[PDB]
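All remarks here apply to the structure that follows.
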Amino acid sequence: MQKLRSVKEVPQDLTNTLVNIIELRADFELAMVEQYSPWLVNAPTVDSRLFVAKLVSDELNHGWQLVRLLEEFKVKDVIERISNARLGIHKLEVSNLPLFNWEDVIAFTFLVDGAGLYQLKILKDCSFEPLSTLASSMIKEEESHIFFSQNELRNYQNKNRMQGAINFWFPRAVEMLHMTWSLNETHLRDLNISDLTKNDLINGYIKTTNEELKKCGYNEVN
Amino acid sequence: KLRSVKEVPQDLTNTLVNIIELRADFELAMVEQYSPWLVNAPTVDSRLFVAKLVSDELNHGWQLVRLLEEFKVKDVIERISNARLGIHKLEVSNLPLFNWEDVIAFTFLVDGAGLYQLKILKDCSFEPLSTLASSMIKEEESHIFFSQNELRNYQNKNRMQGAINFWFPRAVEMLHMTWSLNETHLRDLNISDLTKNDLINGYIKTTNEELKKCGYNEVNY
């Protein structure tokens with residue numbers, strides 16, 4: 001397919017869907033800044049606190065690189081809405097939930113941030129070059145978040161308390177993946193990202209995640 | 003020059019531990035003080051800076067705590083780890099930064115005053131602390147540079163002056179908190195400059211000159 005290097009190369013018909021895709025991703029990552037911030041001080045170990053600092057730094061930098069992409073689209077009201085968004089007025093329900101306990105941080109990183117990586121791997125093939133380049137550079141940082149959470153899962157002592165957190169966040173991660181299904185299918189095909197709304201992504205996410213949970217010593221969520 | 007804890011005489015150990023503890027507590031308190039501003043700073047560049055400062059202070063603070071592990075002071079390490087707003091050593095470390103002008107004034111004046119002390123600690127006889135103090139100077143100087151730019155660009159100059167007038171005497175008070183340390187022990191550790199009046203007089207003089215160059219009124223203590 002032919003690439004779209006600039007906003008000038010994007011037809012007016014595609015702008016609203018492309019803006020909404022970038023807005024949704026910017027809001028998701030900036031919400032993580034609020035959700036993970038209490039754990040800079042309260043994470044159980046030194047290495048854990050250092051990781052929370054890295055993730056917060058990564059999501060904040062990712063988030064404002066996405067918002068900087070929107071400046072080229074002349075959508076000042078969308079940018080102001082993203083900037084003023086706080087817990088309770090984020091787009092996704094999963095973005096309006098605080099992470100009160102350490103097992104919520106682990107389960108959220110592994111399952112919700114995990115589900116977001118499945119979407120990011122689709123966006124790396126987007127016809128709009130500024131977004132596909134930005135999505136590709138973010139994958140390595142998100143994979144280190146999953147790797148850390150996988151290690152925290154294996155090392156967690158209260159396996160019953162951890163399972164309870166997995167059982168809470170797993171269906172919410174699945175519901176989050178369904179939130180793209182309202183986007184224009186014709187616009188997604190033109191942007192080469194129609195894989196976002198197919199059932200195969202959700203079935204593949206459930207299958208692989210349940211396989212990883214088993215391998216980490218936890219019960220599958222079905 | 004003292005390369006390890008084995009090389010440190012017993013009569014300096016308590017003073018050296020207290021110096022490292024005080025610095026570790028100051029920097030970890032900044033994590034709590036600056037954390038609300040990751041989301042609430044007024045601009046994108048401001049939020050990015052708060053992330054960098056939080057990351058810097060958290061990494062240096064826990065590197066300072068790692069030094070105390072060889073001194074056999076597990077109760078001191080546990081006290082530092084459990085410290086939260088209200089039980090930090092310094093009064094200035096128990097004050098939240100409620101408004102953006104408090105963040106600017108705190109960075110420029112309190113973190114500024116801490117850089118004056120850090121420049122003295124870079125010459126400490128105890129090698130693991132002097133090396134650690136030297137590596138943070140560049141990171142702390144970027145915090146001051148940012149706050150100087152935020153000062154110049156601040157629109158409500160009267161509201162900014164109020165924040166300066168509040169934090170300047172508290173930064174001066176903070177510098178006096180080393181005056182309870184053993185003077186003989188500080189000379190032996192080559193850090194006696196910490197308790198000299200020249201440091202406080204030089205800090206007030208330079209800060210007031212720096213304040214005027216940014217378009218603000220001097221503070222007389």
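First to last, the protein sequences are chains A and B.
Each residue of the first sequence is one higher than the last, beginning at 1 in full-length UniProt numbering.
Each residue of the second sequence is one higher than the last, beginning at 3 in full-length UniProt numbering.
Even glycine gets a Cβ: it sits at the ideal position worked out from N, Cα and C.
Excluding the five sequence neighbours on either side, which residues of its own chain have a C-beta within less than 8 Å of the C-beta of residue i, listed in chain order?
{"i": "A/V19", "result": "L70, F73, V75 and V78"}
{"i": "A/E141", "result": "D58 and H62"}
{"i": "B/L191", "result": "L14, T17, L18, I21, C126, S127 and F128"}
{"i": "A/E185", "result": "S194 and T197"}
{"i": "A/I139", "result": "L117, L120, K121 and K124"}
{"i": "A/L99", "result": "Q35, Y36, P38, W39, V105 and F108"}
{"i": "A/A53", "result": "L40"}
{"i": "B/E175", "result": "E93 and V94"}
Would DSSP call residue i helix, strand or coil?
{"i": "A/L4", "result": "strand"}
{"i": "A/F128", "result": "strand"}
{"i": "A/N222", "result": "coil"}
{"i": "B/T109", "result": "helix"}
{"i": "B/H90", "result": "coil"}
{"i": "A/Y118", "result": "helix"}
{"i": "A/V75", "result": "coil"}
{"i": "A/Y205", "result": "helix"}
{"i": "B/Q35", "result": "helix"}
{"i": "B/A26", "result": "helix"}
{"i": "A/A85", "result": "coil"}
{"i": "B/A173", "result": "helix"}
{"i": "B/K54", "result": "helix"}
{"i": "B/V10", "result": "coil"}
{"i": "B/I193", "result": "coil"}
{"i": "B/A165", "result": "helix"}
{"i": "A/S136", "result": "helix"}
{"i": "B/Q157", "result": "coil"}
{"i": "A/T186", "result": "helix"}
{"i": "B/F100", "result": "coil"}
If the cut is a Cβ gap below 9 Å, which residues of chain B does residue i touch?
{"i": "A/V67", "result": "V46"}
{"i": "A/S194", "result": "Neighbours of A/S194 on chain B: none; closest Cβ ~32 Å, over 9 Å."}
Mark residue i as exposed unless 16 or more other C-beta atoms lie within 10 angstroms of its C-beta, in which case mark it buried.
{"i": "A/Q35", "result": "buried"}
{"i": "B/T197", "result": "buried"}
{"i": "A/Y156", "result": "buried"}
{"i": "B/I193", "result": "buried"}
{"i": "B/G217", "result": "exposed"}
{"i": "A/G88", "result": "exposed"}
{"i": "B/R189", "result": "exposed"}
{"i": "B/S182", "result": "exposed"}
{"i": "B/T209", "result": "buried"}
{"i": "B/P11", "result": "exposed"}
{"i": "A/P171", "result": "exposed"}
{"i": "B/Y205", "result": "buried"}
Which residues of chain B have a Cβ atom closer than 7 Å to the Cβ of residue i, listed in chain order?
{"i": "A/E93", "result": "Neighbours of A/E93 on chain B: none; closest Cβ ~19 Å, over 7 Å."}
Rounded C-beta distance between residue i and residue j? I'm assuming under 8 Å.
{"i": "B/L213", "j": "B/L177", "result": "With a Cβ gap of about 17 Å, B/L213 and B/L177 do not count as contacting."}
{"i": "B/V56", "j": "A/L40", "result": "7 Å"}
{"i": "A/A85", "j": "A/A165", "result": "Actually they are not in contact, since the Cβ atoms of A/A85 and A/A165 sit about 25 Å apart, beyond 8 Å."}
{"i": "B/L24", "j": "B/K91", "result": "6 Å"}
{"i": "A/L123", "j": "A/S137", "result": "About 11 Å; that fails the 8 Å criterion."}
{"i": "A/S48", "j": "B/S37", "result": "Incorrect: roughly 16 Å between the Cβ atoms, too far for contact."}
{"i": "A/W64", "j": "B/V46", "result": "5 Å"}
{"i": "B/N219", "j": "B/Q163", "result": "6 Å"}
{"i": "B/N167", "j": "B/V221", "result": "6 Å"}
Can you pull the chain A residues whose beta carbon is under 7 Å from the beta carbon of residue i, in chain order?
{"i": "B/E34", "result": "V41"}
{"i": "B/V56", "result": "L40 and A53"}
In chain A, which residues lie less than 8 Å from residue i when you measure between Cβ atoms?
{"i": "B/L60", "result": "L40, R49, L50 and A53"}
{"i": "B/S144", "result": "The premise fails here: B/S144 is roughly 15 Å from chain A at the closest Cβ pair, so nothing lies under 8 Å."}
{"i": "B/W64", "result": "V46, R49 and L50"}
In chain order, what residues of the same chain lie with their CB nearer than 7 Å to the CB of residue i, ignoring the 5 residues before and after it?
{"i": "A/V67", "result": "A26, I79 and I82"}
{"i": "A/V7", "result": "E72 and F73"}
{"i": "B/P44", "result": "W102"}
{"i": "B/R161", "result": "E103"}
{"i": "B/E152", "result": "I106"}
{"i": "B/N96", "result": "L87, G88 and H90"}
{"i": "A/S149", "result": "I106, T109 and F110"}
{"i": "A/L4", "result": "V10, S127, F128 and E129"}
Leaving out five residues on either side along the sequence, give the residues of the same chain with a beta carbon under 6 Å from the beta carbon of residue i.
{"i": "B/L60", "result": "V33"}
{"i": "B/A173", "result": "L111, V112 and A115"}
{"i": "A/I146", "result": "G114"}
{"i": "A/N203", "result": "none"}
{"i": "B/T180", "result": "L196 and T197"}
{"i": "B/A135", "result": "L120, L123 and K124"}
{"i": "A/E143", "result": "none"}
{"i": "A/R154", "result": "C216"}
Just to make sure I have the definition right: I need the residues of chain C whose C-beta is within less than 8 Å of the C-beta of residue i. Which are they?
{"i": "A/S137", "result": "The question asks about chain C, but that chain is absent: this structure's protein chains are A and B."}
Could you name the residues of chain A that residue i contacts, counting a contact when the two beta carbons are closer than 9 Å?
{"i": "B/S182", "result": "Within 9 Å Cβ-Cβ: nothing; B/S182 doesn't reach chain A, min ~28 Å."}
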